[PDB]
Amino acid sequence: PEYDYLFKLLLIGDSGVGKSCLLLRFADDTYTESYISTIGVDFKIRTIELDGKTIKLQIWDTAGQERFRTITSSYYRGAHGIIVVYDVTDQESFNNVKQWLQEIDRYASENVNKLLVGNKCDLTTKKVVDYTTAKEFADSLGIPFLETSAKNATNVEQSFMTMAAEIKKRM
């Protein structure tokens, strides 16, 4: 009885896009570059407050290189919420969002919660996926959307809060 709800979260998306950095910013409000790549699955915990309710979040950060997909897909089925990340400077990462949603369709629970996040939104001079493009896509799917920056902290907290509210409502 030290928390009111316990949600499992999963972070999927291409290698490179900032999944670990988002998680690190959410869990510790820090950003550095002293970390080697994620090998397999990483895990962190953060408790939040939402409508006077204490929510324990168990978040899993996957590796997104193609060869990891199989083992990684075994982590979908338990999740309450799945965040799909792409890099706003990397068109290929956004194109692949379509595949990541199929993996969700294939391996997630039928009524799992989704969120689309376009990370690195501080790289303005390099940005190649427009907000309106990504936002129209998330719309057609009825999925919430934000652009974020693990680096500046832009919208990182919103992202997880939003996901948590989404799950809270479902339950």
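Heads up: residue numbers just count along the shown sequence, starting at 1.
Enquirer: Could you check the entry and say whether 60 to 68 or 28 to 36 has the higher mean CA B-factor?
Expert: According to the PDB entry, the answer is 28 to 36.
Enquirer: Which third, lowest, middle or highest, does the CA B-factor of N119 fall in along this chain?
Expert: For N119, whose C-alpha B-factor we compare with every modelled residue in the chain, the answer is the lowest third.
Enquirer: Which third, lowest, middle or highest, does the C-alpha temperature factor of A138 belong to within its own chain?
Expert: According to the entry, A138 has a C-alpha B-factor in the chain's middle third.
Enquirer: Would you check the entry's CA temperature factor for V41 and let me know if it's in the chain's lowest, middle or highest third?
Expert: Ranked within chain, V41 CA B lands in the lowest tercile.
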